[PDB]
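Summary of the model geometry
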Amino acid sequence: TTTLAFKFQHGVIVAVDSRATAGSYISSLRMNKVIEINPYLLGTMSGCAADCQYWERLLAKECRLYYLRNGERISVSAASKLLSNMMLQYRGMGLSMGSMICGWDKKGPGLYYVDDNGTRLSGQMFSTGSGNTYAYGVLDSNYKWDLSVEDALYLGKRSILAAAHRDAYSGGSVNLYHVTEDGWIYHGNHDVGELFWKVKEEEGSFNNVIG
Amino acid sequence: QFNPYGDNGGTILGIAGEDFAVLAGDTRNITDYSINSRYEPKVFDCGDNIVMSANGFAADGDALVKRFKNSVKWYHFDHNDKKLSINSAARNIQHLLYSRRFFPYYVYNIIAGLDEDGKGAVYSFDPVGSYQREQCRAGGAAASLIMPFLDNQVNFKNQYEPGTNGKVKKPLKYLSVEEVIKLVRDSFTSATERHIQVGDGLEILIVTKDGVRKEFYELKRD
Amino acid sequence: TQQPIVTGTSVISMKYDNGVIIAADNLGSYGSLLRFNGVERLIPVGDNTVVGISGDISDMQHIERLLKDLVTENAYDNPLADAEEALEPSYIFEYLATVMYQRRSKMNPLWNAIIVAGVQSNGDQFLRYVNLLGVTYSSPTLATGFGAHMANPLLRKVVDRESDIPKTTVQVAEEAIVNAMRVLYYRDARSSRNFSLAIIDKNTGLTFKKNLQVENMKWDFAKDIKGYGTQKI
Amino acid sequence: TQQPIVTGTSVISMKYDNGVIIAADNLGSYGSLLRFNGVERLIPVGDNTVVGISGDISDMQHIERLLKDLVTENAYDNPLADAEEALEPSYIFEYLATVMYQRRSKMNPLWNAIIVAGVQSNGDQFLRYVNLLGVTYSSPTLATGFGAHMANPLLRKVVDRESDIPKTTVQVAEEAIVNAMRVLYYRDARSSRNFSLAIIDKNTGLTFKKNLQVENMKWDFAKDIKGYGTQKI
Amino acid sequence: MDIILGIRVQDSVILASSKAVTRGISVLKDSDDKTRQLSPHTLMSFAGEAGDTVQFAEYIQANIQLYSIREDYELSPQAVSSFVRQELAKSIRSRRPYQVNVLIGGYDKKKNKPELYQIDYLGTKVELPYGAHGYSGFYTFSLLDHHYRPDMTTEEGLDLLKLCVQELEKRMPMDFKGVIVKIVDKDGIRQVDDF
Amino acid sequence: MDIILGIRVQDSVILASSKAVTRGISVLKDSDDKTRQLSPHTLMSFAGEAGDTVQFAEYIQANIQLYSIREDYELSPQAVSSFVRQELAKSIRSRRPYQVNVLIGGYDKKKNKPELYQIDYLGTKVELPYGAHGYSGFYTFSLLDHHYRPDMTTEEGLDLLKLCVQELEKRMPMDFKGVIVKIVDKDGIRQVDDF
Amino acid sequence: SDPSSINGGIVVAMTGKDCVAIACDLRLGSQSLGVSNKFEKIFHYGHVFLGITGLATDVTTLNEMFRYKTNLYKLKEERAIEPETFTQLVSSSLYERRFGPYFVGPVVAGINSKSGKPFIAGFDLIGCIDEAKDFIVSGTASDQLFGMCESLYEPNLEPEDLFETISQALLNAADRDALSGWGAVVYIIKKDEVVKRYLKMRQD
Amino acid sequence: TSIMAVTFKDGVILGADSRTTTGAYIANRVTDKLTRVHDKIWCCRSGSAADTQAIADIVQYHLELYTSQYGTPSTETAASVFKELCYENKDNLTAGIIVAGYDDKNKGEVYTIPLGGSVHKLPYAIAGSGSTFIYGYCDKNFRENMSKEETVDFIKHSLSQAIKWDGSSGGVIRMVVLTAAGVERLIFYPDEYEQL
Amino acid sequence: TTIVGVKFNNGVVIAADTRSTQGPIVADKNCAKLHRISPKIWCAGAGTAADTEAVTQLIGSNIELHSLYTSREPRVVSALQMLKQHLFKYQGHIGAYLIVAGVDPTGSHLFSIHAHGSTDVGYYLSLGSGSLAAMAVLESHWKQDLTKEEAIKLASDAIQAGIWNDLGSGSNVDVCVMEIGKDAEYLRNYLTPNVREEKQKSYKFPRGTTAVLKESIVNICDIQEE
Ligand SMILES: *[C@@](C)(CO)[C@](*)(O)[C@H](Cc1ccccc1)NC(=O)[C@H](Cc1ccc(OC)cc1)NC(=O)[C@H](C)NC(=O)CN1CCOCC1
Ligand SMILES: *[C@@](C)(CO)[C@](*)(O)[C@H](Cc1ccccc1)NC(=O)[C@H](Cc1ccc(OC)cc1)NC(=O)[C@H](C)NC(=O)CN1CCOCC1
Ligand SMILES: *[C@@](C)(CO)[C@](*)(O)[C@H](Cc1ccccc1)NC(=O)[C@H](Cc1ccc(OC)cc1)NC(=O)[C@H](C)NC(=O)CN1CCOCC1
Ligand SMILES: [Mg+2]
Ligand SMILES: [Mg+2]
Ligand SMILES: [Mg+2]
Ligand SMILES: [Mg+2]
Ligand SMILES: [Mg+2]
């Protein structure tokens, strides 16, 4: 995996790859690494697929129960903390999970990094998985708060592409999301094979690659 | 030291059609270099138009199938004989597998059937319960041999239209049940040639709105 | 988790037209020491089932008692205990298989390999294997330990697939089993000459043969064999 | 680096007024198996030295040959080989000690513990120990293996220091050695009843006694001992 | 986490804590606040194994806040530090100990004195004029030994702290991304926003 | 040592190498030059196990200087890189292999072309437009993939290199104490004294 | 850690009607990191072609070694070496390092200049010769290639048909291997003309 | 293995089983473990089959060369050559050899060479995995100066019991008789010795 | 592997399967395990494939030079002695398990040889992963005074037992018959009971299906004149 997410003026972008490996064998070309918890809440997945799916789908149960009890949507801060506390029960037992809880609440857009150790960090920009270093390179040099929705979607898409190219354990396709105060919006599945050649020609990047 | 796990070999294959689905698997059961059985069924009709196969460690595979079949029975009792949809079965199986997160069912599981719109459906599981709906999936010993072939011959990967030279892809036309069964048989015949744990026989379960049908084919016994 | 101490070697079996045959030698080994020479490893359950066990003998004796208790329990409040509601081979096997898999799941296995041979109510042949891991499989021929490596190849020459079962008589099947037991005595270092054999037929019932011996052995060619290469005398 | 296979247990010795005594049993053990019952572990060198060896027997036989070859080599071009230029206990010991330390320094030891007992030219008593590590020491009493733990305490009651040597007669010293050998037979699981004993005196020379036995043993009190605590019968 | 420092001057306690958080080979955050306010005049900084640090700190915070409400009274820094030590000494013989080292900086309103307590994950408590955990002390204590006076002003304490951080930035192989500095005095707790 | 980068532009090769040297928990030096001039138009940077790096580099330097004197002729960068690769491939099956990774930047005066060769301690050689060893590539290659053109000027190459170093300084946990940058072109080798 | 799967890569060869084909990917990596997309794994000594997978330093080393040996062969024999003879030379050379082997999976392909007979062969890392009629595979996606070749291949294919079969076998095998891809090359070989084609594939 | 060598009035007899194992698999059930190093000097082999063959082959070579130069070697000389090889290469060998031979001067002699490479001259010797079970029987039943027929029965009965209890031993009982009359090979099949 | 050797009236026969494995994968479906040491001395190998080939070729080379030196036809005991001393020297690290058979002026011979250097004599022998399946057949059907036709049948039956019942063995049966006073006959693919069935479909692609970037002619010819 490579996953990323960042806050900006018009909400938060979420971009992930779709590759799944079992050693050096590519077990899946197209795996959904985002989870729709609620129209205003998203969760990314990196690490053990089973752990990511089970615990974040269990978070959704607990986030849903919050709505029924209080007649109000759970905050991103509270949702991330519930998840971190779950990880803390199975302390040292061998869970492998790295996720970003992305959403919009009363404080505005929210983004929290959460992992198997129980770490819970608030921040503007995060990237997880084996290819995060490649993604950070593109993000750090091109990120601004003043980004347009169109340019921001491209940045997250381009950042995953950078990782998919270099990292052997990242690739397949790119899944894009955009989180607004009216909820999250899916911006499609983009094959890296096609996207790479397209970006190469249009952007002029990847000069060293022949095509 | 006691090793509670073992490897019974075998290979399974699930393909989702437009209005049908197939779940195939070889009938050979093995330990190390010995053949236990040349015909030991691996794909099962679990009721409600769902078929399932748990490949890997046979004892854990049999246990999981047994528990899911049981889960189907209790779903009828508890919810007024309601039909268990394929998506609901898949989620139920995730929770069956994750019960043993720290002492897993050592199996790669596949189920097949029809979704609530009547279209073909295949779901894939890892030993600890991560699952996803798929069009095509091979599991087990010879999974790495078969999957690339299906990427090419089912989803037409790396295939383009002559004359255009890489500009226009081969269009993703749907496959018939007769066409799918040909790809399944050729997949297992090829796997049998190059993998020692694959052979003896091939049993295919085909699922349509009419029900669950079986087909059997001999494989090389060496 | 344990280690097996006193052990029993191969158990071999096969289906034939009207029933099943099962056999096993009468030895209880203690490592390389051939300690106990009067051990019965075929255990009948009623008049329709024989359970053949290999592996740890203390665990075998435990299983032997579970089966004896199973018969007692089935007879409780059961007027049809010797008729319609008698124990079937499939019932006895599934019980054992449940026990074996539960024990492996508690990391405290019964260190055995078991073959349940019998004939069902409807006359169908029953033959299935289960071991310490809870692994189960069925085949026209089944064998444990060394028998799997040496006996199955010989028995599969008689019944290579399901369609060969009706063509195989009890005389041919017994002959094949007895030959296999001789071959195992030639080649298995933890085997004995003395063995037991059981036939469960749908017409003639359960025939239990004890104190059998491997006979018609070929050793005479040994006199000509001298040295390990260049030695002539 | 190796491991000892066939082994010899304790060698015990002590000084007395006119010489030294040394003794060792005639057993060659193979682990817990008492394999060889006719092994001589005291090896005389001339008429003034006896070398007692414990530990690996194959290495003992090697040393036995080095000593035999040493005597041969000393006689070469030596008209005084049976007189002034004969082999002394101190020469024989220092040779062995040189060999033992060299072998340990090549990480390929002679897996032994050796005691060289003898009388020098000037009548002085010689008694010194050397082992696989090349470690050497001298004392009025010396013993290897179990003998160090059980025999030395008994022998040190007779000769506790250097000044007790002139006060100790050969009859007292032999009596003490023989008692110690009995005690070792009672308590050492790798010992035997049969042993050899050698006396090297400055007046009467070398007396080599073979086929000795442990006698006057106390066992009768065993009949009264019953159970391990509460048992009366 | 990495570096946490503490210095007690004439009329205040100053805590400096690194901003970096690292997962694998990547620095995830460079603005992390490794501290929790236990009471209006008591601050606790922390460093140790991932996750454990914050859980422990928040668990302590909850307990002290509960006490404050129940009694309508603020516990002395000494009393809080003893409570924390006991929780850690209890923890070290548990099935899975909490691997957290802490510094507790507080102003005792009764005695009108600043107080600094250093407690490691074993439950080893010491009251000090200046303290540190991990390797931080190896680089900094020589400077503090030389320059520290007990009659120092808060401004002098900050200058001496800058010198310590500069030495760390020169001789430590790890980039800890600077420090967040907080002051604890009679008027409460405040953060130095420019350092 | 830690980070060594390399980039080949239109008419030159630029090598950037970290300045830090660490023993135990202490940074001994922050001005170390991890490079050797093999010939007037060939420069080799290096990174690997302590000691081995310099010995190997100096041993190569001596061999190339010997060749230059014997033949009164400068070996091509390609020829030098092949010689170096062979020495490393020879080394990897030795009793105690030399654990050194290198970048060879040279200007071929015959072809009038800059050339950059990346060789690891196994003897794995590759000619590249830009290269790195260790973890350096994980952070930097995404930027280079995006921004690199083959017709770049030396000044544009330095600006792109600054961006790479800035990204390293942000996301690497280790403080490598900046880099020494050197340029290899038709006129020879020179050091950029302000970076 | 495993030397045969650090750098990654694949090679496949096929026979056709009066022709042979050999193909390889272009990736060189350091485990997860992709380093080069121009690392060709097929070399030729006269009309004999050799593909080598595995540890890249040994691939490079062996190429230089067989170049050395085939150039001397030619000087002494006064003729180019043939595929059958070269295959034995490869086997000899690998087995001479029996207890310190090159971590490689070589593949020979060529047409005998005298008989006109197409020839392919594969080896294990210590020299065991696998002389196949149909196809030879090697690399980190060897399992994948076996599956593709075994189903796609049919005998007596014409050069331009064989090209499509071997290309699709390589491409789709590489796309199920993390350590293979980043470009591909296919050699089509006839008795006195050889065509080399670079394939367009996904770059992830 | 179960092997033994026994001296008697007219000379010496060697005896052995015929089972060779690889774990629990009997790789050879008709093995000849009685091997000739000289006309009337034979040995019984136990331990590693490769090691004991390589040794016996070297010994045979040494004694053939001895014979060419110095005439017929003694049984003691043969045992010394075995010992020298077994002792000096003890770290790399696993060989338990019994040496038996007939001189006219010394008559029947038996030397056993266990693992360490020590030598032990005995009236009779037993070795191999199956020997453990017959230490009691052999000690109680052995007499010096037995007849040929008595010695054959003693070996037959002894190895019969060793085979009965040891899974590593089995097959036929081979014997080699060494006397002034010459060299006689004997064989005894299971049906004969099992009923004893 | 499965390999066997069987003695008969006037000679000896050896046989082998044709499967070679790399893990659970079949590397070669029709490999050749029957190796020639000399014209009338052949041996079958199991274990490390390259070791069985190399050790056989080395000894065969030295046997040829010996035969030339002595002006005599090579003997099986010579090949056996040379093989065991070579294998013993390498302490099992050369993983060659061989069945050596042949005819020479002394007669007909059959030996087995393990990787550590131990040799073994017999009338019938089997080696490899399928040796137990094969030995079961040999123990069931072997007898003294076999004819040539009976021995070939027994040998191939023994190999089949390995092919069908052992996963480490498969494909075809190779045989070599060595009879006294005759040329040795090598019967490559004596049996072929594992031919693949016709595939259901042809996977021949339309020309132009694969995307291409560049094309170029490769110069294989030498530097040209003029
Ligand atoms: C990239 C691909 C790194 O490989 C991502 O991290 C990816 C994230 C992801 C998230 C949700 C859904 C799919 C994929 N991770 C994986 O694909 C993951 C890699 C991984 C395996 C094991 C780990 O330690 C437990 C950590 C990471 N792959 C899987 O989870 C695969 C599909 N399944 C398994 O590994 C299941 N195991 C369970 C035990 O039996 C053996 C196989
Ligand atoms: C009985 C069976 C066991 O002690 C005998 O000693 C017997 C003696 C014998 C056999 C054949 C020819 C002459 C004499 N020995 C064996 O059958 C022997 C068992 C053994 C093996 C290895 C040993 O230590 C290294 C000790 C005893 N069998 C073998 O040597 C067989 C042929 N080969 C193997 O078991 C293969 N081994 C070789 C050593 O490394 C492990 C694999
Ligand atoms: C059957 C197939 C064993 O499964 C046979 O013994 C067969 C014999 C044979 C002889 C000549 C020609 C072809 C085949 N052996 C193999 O096919 C052998 C299997 C094997 C693998 C590993 C082993 O331990 C190291 C022993 C046997 N296959 C090979 O040797 C293949 C070609 N090579 C490798 O797997 C690479 N080896 C080289 C040796 O070092 C370990 C990896
Ligand atoms: Mg990638
Ligand atoms: Mg198969
Ligand atoms: Mg490199
Ligand atoms: Mg790839
Ligand atoms: Mg026996």
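Going by the structure above, here's the rest.
Here's a quick rundown of the structure.

What counts, and at which threshold
Residues numbered from 1 in each chain as written, not as in the entry; some residues may be left out. Chains lettered and ligands numbered in written order. Part of a larger assembly, values for the part shown. Heavy atoms only, no water. Contact = heavy atoms within 4.5 Å. Buried area = accessible area lost by both parts, 1.4 Å probe. Salt bridge = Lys/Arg side-chain N within 4 Å of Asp/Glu carboxyl O. Polar contact = N/O pair within 3.5 Å; in protein donor to acceptor, adjacent residues only side chain to side chain. Helix = DSSP H or I, 4+ residues; strand = E, 2+ residues; numbered from the N terminus. Nonpolar A, V, L, I, M, F, W, Y, C, P; charged D, E, K, R; others polar. Pairing = 2+ DSSP bridges. Axes fitted to C-alpha atoms, helices over the stretch in contact; angles between N-to-C directions. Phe/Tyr/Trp six-rings, centres within 6.5 Å; stacked < 30°, edge-to-face > 60°. Buried < 20%, exposed > 50% of the residue type's maximum accessible area, 1.4 Å probe, protein only. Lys NZ or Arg CZ within 6 Å of the ring centre and 35° of its normal.

It is worth spelling out the interface of chain G and chain I at this point. Tallying the contact residues gives 40 residues for chain G and 38 residues for chain I. Each partner contributes to the roughly 3300 Å² buried at the junction of chain G and chain I, and carbon and sulfur atoms together form 55% of this total. Our count for the chain G to chain I interface comes out at 8 salt bridges. One salt bridge connects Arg207 of chain I with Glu160 of chain G, and the closest N-O pair in it is separated by 3.2 Å. Run the count over chain G and chain I and you get 19 residue pairs in polar contact. The set of elements that each furnish at least two residues to the side of chain G that touches chain I consists of β9 (129–130), α3 (142–152), α4 (159–174) and β12 (193–199) of chain G. For the side of chain G that touches chain I, the leading source of residues is α4 of chain G, giving 8 residues. Here the residues of the side of chain G that touches chain I are counted per class, giving 17 nonpolar, 8 polar and 15 charged. The pairing of β12 of chain G with strand β13 (residues 212–217) of chain I spans 5 bridges and is antiparallel.

A few words now on the sheet that holds strand β11 (residues 179–185) of chain F. All names here are of chain F. The strand order β10-β1-β2-β11-β12 describes an open sheet built from 5 strands, whose pairing is antiparallel. Lying at the two open borders of the sheet, with one neighbouring strand each, are β10 (130–132) and β12 (188–192). Between one strand and the next, the sheet's axes are offset by a mean angle of 15°, whatever the strand orientation. In this sheet, β10 lies alongside strand β1 (residues 4–8) in antiparallel orientation, the contact comprising 3 bridges. Residue pairing across strands places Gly6 opposite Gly131, the latter belonging to β10. On the sheet, helix α3 (residues 136–147) packs against β1 and β10 and is oriented at approximately 165° with respect to β10.

Moving on, we get to the interface of chain D and chain H. The partner chain H presents 17 residues to the 17 residues of chain D that form the contact. Summed over both partners, the interface of chain D with chain H buries about 1200 Å², with 52% contributed by carbon and sulfur atoms. Its largest share of buried area at the contact with chain H, chain D owes to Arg35, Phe36 and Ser58 of chain D, together 36% of the area lost on that side. Taken together, the connections running from chain D to chain H amount to 3 salt bridges. When the shortest N-O distance is used, the salt bridge between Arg65 of chain D and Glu84 of chain H registers 3.4 Å. Among the secondary structure elements, those contributing two or more residues to the side of chain D that touches chain H are β5 (33–36) and α1 (57–75) of chain D. No other element matches the 6 residues that α1 of chain D contributes to the side of chain D that touches chain H.

The next thing to look at is the packing of aromatic side chains. Summed over all chains, the structure comprises 50 aromatic pairs over all chains. Geometrically, the ring pair formed by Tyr90 of chain A and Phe102 of chain B is stacked, given 6.0 Å between the ring centres and 25° between the ring planes. Taken as a pair, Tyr90 of chain A in the loop between α2 (76–89) and β8 (97–105) and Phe102 of chain B in the loop between α2 (86–98) and β7 (107–114) lie in two separate chains rather than in one. Assessed through its relative accessible area of 29%, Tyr90 of chain A is described here as partly exposed. Ring geometry for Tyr129 of chain C against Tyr137 of chain C: centres 4.2 Å apart, planes inclined by 10°, an arrangement best described as stacked. A relative accessible area of 9% places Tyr129 of chain C in the buried class. Chaining the aromatic ring pairs together yields one cluster made of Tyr54, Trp55 and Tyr90 of chain A together with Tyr98 and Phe102 of chain B. Across from the ring centre of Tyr217 of chain B, 3.8 Å away, lies the NZ or CZ of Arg185 of chain B, which sits over that ring. Above the plane of the ring of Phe195 of chain E lies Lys162 of chain E, whose end atom (NZ or CZ) is 5.6 Å from the centre.

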